[PDB]
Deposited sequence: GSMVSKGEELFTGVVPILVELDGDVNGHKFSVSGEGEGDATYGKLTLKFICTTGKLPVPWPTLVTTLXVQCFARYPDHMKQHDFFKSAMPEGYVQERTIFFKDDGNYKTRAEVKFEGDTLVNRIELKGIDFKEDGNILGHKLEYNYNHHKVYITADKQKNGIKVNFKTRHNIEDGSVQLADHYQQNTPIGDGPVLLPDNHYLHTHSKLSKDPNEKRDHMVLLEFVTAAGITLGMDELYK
């Protein structure tokens, strides 16, 4: 697709999130770069409103799958790049086992050379002594397969996966992505993305933050 040509090199990224979980409002901003040729994302996130009222790892999935590396034989299945530069809307619900849920809406699109992911998140029904509001999560390495199928009536895709974070907390993620523009997109055969991520800290950063390194690779079609 033509969208694909936009990702041939290193692309700067801006990520922005306004959130409200059980009435606790906050905001996060992040920046870095993506290199789809390697499926590689490197980002640093800051909580601009002070202390994050939820654990950083619970926000990773919310905080740009257009940077996935699609092998050559699968490139006709890359919906995400095909929707660019006009972009796509990503809507998710995340159901935390025995606890609350997040509902999110994001617009992912190019603003000139910058890929911008602008998000709103609302979280409800969380328990005060649950794992999310009680901040009980580890902060290490994860790998999850992200399953994708076409949603042809909406000219987009439907996505599902599970996460697990050690305290273990389970979450079911359900996602729908729809193009912003009216032009043609690639509607994929069923496949999945390997999503491998590592969180860390910047030793010189005083603000509440997260450094993220992520490698995303499409698979599941022989």
Segments lacking C-alpha coordinates (deposited sequence numbering, starting at 1)
1 to 4, 68, 173 to 176, 232 to 239
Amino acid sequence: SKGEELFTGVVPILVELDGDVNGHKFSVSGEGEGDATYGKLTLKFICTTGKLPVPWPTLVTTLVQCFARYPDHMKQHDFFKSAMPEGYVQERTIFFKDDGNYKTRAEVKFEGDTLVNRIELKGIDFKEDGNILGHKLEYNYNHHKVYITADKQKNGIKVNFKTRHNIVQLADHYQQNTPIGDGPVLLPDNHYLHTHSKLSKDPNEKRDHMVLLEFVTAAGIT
From here on, numbers count along this sequence of modelled residues.
Averaged over C-alpha atoms, is the B-factor higher for 110 to 118 or for 71 to 79 in this PDB entry?
71 to 79
Of 195 to 203 and 15 to 23, the stretch whose C-alpha atoms average the higher B-factor in the entry:
195 to 203
Could you say which of 128, 151, 86, 91 has its CA atom at the highest B factor, as listed in the PDB entry?
128
Given 39, 181, 30, 156, identify the residue with the highest C-alpha B factor in the PDB entry.
181
Quick check for you: using the entry's CA B-factors within this chain, is residue 140 in the lowest, middle or highest third?
highest
Residue 47 CA temperature factor, ranked by third within the chain
middle
Going by the CA temperature factor in the PDB record, which third of the chain does residue 163 belong to: lowest, middle or highest?
highest
Sorting by Cα B-factor within the chain, modelled residues only, which third would residue 62 end up in: lowest, middle or highest?
lowest
